[PDB]
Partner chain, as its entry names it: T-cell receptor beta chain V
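First, one chain by itself in structure tokens, the form deposited without the partner chain.
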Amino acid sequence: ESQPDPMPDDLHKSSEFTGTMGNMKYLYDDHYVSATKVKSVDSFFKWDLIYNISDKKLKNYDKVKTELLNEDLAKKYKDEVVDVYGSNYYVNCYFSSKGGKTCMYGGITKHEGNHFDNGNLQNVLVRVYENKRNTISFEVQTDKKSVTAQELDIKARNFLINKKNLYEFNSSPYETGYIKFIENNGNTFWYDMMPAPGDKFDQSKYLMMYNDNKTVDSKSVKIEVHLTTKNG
């Protein structure tokens, strides 16, 4: 069955997070690793794969390690030509290998026959709800037929950060928030968009949720971002 929607008690409350929300913003504000037609060249632990991908941007790394949920998952893609898209981190990013290094989770998709013959992108609907009411709707784009939920999530939040201040340096306008994915077979699942309570935000522990390398069909998947303001 599909994962049950959350009740208020199930969600993290930005009001219970004392840390710097900017550390969350950091992970989704024009921040991501992206590679096309590459193959793993190494692995640290059985459940991860390492790639030679360079920081086109600021030259901050040329080795990327992505961790997966289990060994089978890593074996599956270890020798395949693939594409990568995901949110990376540096704090507590470790691995030996055998330039800078960066880490992440999931974000892997087979490259063969997963693209559109024309540099044509696919639009995915994102409907935003604030206090249960649809406030704005839009679309993010992907160049993959079968895309990781992670890539879509990242693009959604990137947009919502600039257009709705989803996350600000220290804190957020919203108290709770979760992005929900709805697949064409009726299966749904969601991610809590807020940091766990306390004065620190473990970026690595948070990104681990992208572990499963969950992929969905870009031409039929539907996205819903559900936000709430503390008082209403």
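Residue numbers count along the first chain shown, from 1.
The following text describes the form deposited with the partner chain bound, which does not appear among the structures shown.
Could you tell me if residue 34 has a non-hydrogen atom within 4.5 Å of the partner chain in the bound PDB entry?
Residue 34: no, not in contact with the partner chain in the bound PDB entry.
I'd like to know whether residue 116 contacts the partner chain in the bound PDB entry, with contact meaning heavy atoms within 4.5 angstroms.
So residue 116 does not count as contacting the partner chain.
Please tell me whether any heavy atom belonging to residue 26 falls inside 4.5 Å of a heavy atom of the partner chain, as the geometry stands in the bound PDB entry.
Contact with the partner chain, yes.
Any of the heavy atoms of residue 203 lying within 4.5 Å of the partner chain in the bound PDB entry?
Yes - in the bound PDB entry, heavy atoms of residue 203 and the partner chain come within 4.5 Å of each other.
Taking 19, 60 and 170 together, does each of them reach the partner chain in the bound PDB entry with some heavy atom inside 4.5 Å?
Every residue of the candidate spot has a heavy atom within 4.5 Å of the partner chain in the bound PDB entry.
Sequence order please: the residues of 139 to 155 with a heavy atom within 4.5 Å of the partner chain in the bound PDB entry.
Nothing in the stretch sits within 4.5 Å of the partner.
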